[PDB]
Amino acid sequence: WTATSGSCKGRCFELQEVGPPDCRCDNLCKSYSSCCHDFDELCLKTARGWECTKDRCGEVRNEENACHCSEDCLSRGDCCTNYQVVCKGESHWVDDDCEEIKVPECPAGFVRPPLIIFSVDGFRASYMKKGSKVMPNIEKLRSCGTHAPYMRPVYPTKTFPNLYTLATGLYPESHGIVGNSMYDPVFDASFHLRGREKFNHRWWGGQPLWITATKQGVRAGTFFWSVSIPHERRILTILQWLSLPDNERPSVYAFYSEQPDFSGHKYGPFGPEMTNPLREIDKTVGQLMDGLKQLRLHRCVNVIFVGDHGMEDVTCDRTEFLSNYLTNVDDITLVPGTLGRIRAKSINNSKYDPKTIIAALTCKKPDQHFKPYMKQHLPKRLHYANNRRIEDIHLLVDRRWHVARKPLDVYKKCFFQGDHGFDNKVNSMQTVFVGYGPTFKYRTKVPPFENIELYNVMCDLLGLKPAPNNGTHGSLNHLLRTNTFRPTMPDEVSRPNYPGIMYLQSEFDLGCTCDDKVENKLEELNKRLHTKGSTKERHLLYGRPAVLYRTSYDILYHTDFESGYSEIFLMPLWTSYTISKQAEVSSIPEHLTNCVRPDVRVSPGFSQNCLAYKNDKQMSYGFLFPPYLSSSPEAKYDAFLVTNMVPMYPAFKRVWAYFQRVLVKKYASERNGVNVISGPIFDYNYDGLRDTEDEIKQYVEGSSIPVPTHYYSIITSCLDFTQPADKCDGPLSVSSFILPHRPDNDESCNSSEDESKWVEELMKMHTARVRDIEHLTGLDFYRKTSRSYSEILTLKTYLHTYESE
């Protein structure tokens, strides 16, 4: 119940929301159907429209008007945004030449430059170039300020997950808004775009920027907007708030536009009908900047122009139906469209089985346009699993397609021509970022970055300490003129042991064999030097990784590679080696095919054993440093040490052996040498974080050898590829992956073919940031480089996407 017979007189767009049953006058009252009886009359004035005209200049103030053109309007803070242009001979902001904003030029009483976030729904990254002729205000923001060619949204590339990630710095699995539609089995409640459950605070986790600001004594304007409030009134409301007395005035404001998404769904991303919505958004930016200029704030405020996701061509005819694959389609609930999420229709149905549903959906049709996954098998870069609102079965839908349960769902719901939601590396899903103002740089282009990073920057712009989030604070310092955040590297928690030769061969009873009894003062001192680290400078280029948790491990040196060997997990945490452009690939010699050699530096008790692999009929092993890339026949023996062995399913060995035998050398050839760091990952609870020993769900049968859930590699070279990886003077270039360690290749529908036709495609799908590997391993890389720490943070957040231009 709302007692809507209270009044909005003197309350229009009040910032503090009043509680039930008292009637409301804030910017969300319409959404709750709770506005006072006189809200439209008093707060949504429209008389005489939104622009001054020559005849209105100097008029007698008429409080009925939408905005004012009387002499008093500037001191009232309620002029039409074009007042000074029409009535005082001033220019529009867009017509003024760009002039660098070296320092804030703010009115007296301003404690800090305000921040205005101007969020555009469905604004695809390529609109900034493709629509530039029809968006002159946005083009001035972009060209004069700091811009990225695009900004990467989070998955799924839907509105609410992305706007709430922008606000919190968190992945959707952590903030809890994992789709536009959700079921939470603990609450037993459903969240929808339509309706009221979405107003319940229990859905919305983390700490959004307006709460962060308020907790730290920075006032915030209200960020959500009721859809029916026209954009011109949203802009005039922000400008009125900016005219509040110092003690009342917010320091952070948000404008939201439902365009161009609304039209893009109807017309497709580049439908001829799209020009007009882009013109209208640009006119809104123009009103805001003219309005700021009238208030002498246009060289004081920092403005962020940012989108939530892009827009792809999608029509009804490109729909896959689950009824074409499943016999039992009425036993499932599907959340449909540009991603699929499946769960049982009834928790009482004991015959429901996810394994049989996955198998029925796997590679069934030659050009099948979705791929099913258990959520823990989704690419780790999506960070889309650790939330009970994410169903166990996920369908990754190809760009331009939908999935639905039955055909009747689609024609009893062609209308639409655009949609979004797909994998967030897809080019059509990318969106925009421009920062303009005293705190941003001038005429500066920055590389693409992820939207999870912007919360920290917004906190920096406002002098706030961010709540804990998934950004990497400091990685966007290159966007800023001032207010940079100067992080320190994390402290190493565990220091390594450096074991020497401590064990005799006969102390080992591992069931291993090697034909190495194959028999010099020149070359014996030489081999001893390699074991003490004489080549370590060639193979550990950026320092050893730091171990950020408590554990016991050993550094092991060799001619061709260095490793940090875990006595707890019985395998390396990391193995590092450099392959020059001139490196030669060789074979595993016949006499060494099944060779595994005890490592006399490491106790039998802290070693793997061959008998466990013989006994485990499902599990084989591979090596982290590949024997194919040994520098000499004699160095090759090091590659067969038991301390270089890791457990690998035979299906996975197909992938791994092709990466090591073919792709490493291909990269070294293309990039002028590469440094590779490879290792295992254990993430049995799919939280994106390193498992402790007591979280390991699978061991090599009969043993204490834990089975990795994934294997990573970080592949680094010189950004200037005229310099070899091992003699690089400047910035680095990286690409990385986190490959799922699976006992079959069902994910790859062409896996019966030669690995040259499917393995690199798999690897691209599982591309990763070095930061993703850091979370998953508790290691900290690139500790010893010539580069600034903020530059290294940017490098650790880089994702190689393998999308065309």
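Note that residue numbering begins at 1 and tracks the sequence as displayed.
The entry shows a gap from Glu519 to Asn520, with 1 to 3 unmodelled residues of the deposited sequence in between. The modelled chain breaks between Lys413 and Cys414, where 4 to 9 residues of the deposited sequence lack coordinates. The deposited model assigns a higher average Cα B-factor to 184-192 than to the other stretch when 184-192 and 558-566 are compared. Looking at mean Cα B-factors across 171-179 and 354-362, the upper value is held by 354-362.
When the C-alpha B factors of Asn324, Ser132, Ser251, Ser678 are read from the deposited coordinates, the top value falls at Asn324.
The entry assigns its greatest Cα B factor, within the set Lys527, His147, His420, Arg690, to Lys527.
Annotation for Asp26: CA B-factor lies in the highest third of the chain's modelled residues.
Residue-level temperature factors show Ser786 in the highest third of its chain, judged at the C-alpha atom. Among the modelled residues of the chain, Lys293 sits in the middle third by CA temperature factor in this PDB entry. Sort the modelled residues of the chain by CA B factor and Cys67 lands in the highest third. Ranked by Cα temperature factor within the chain, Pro487 sits in the highest third according to the deposited record.
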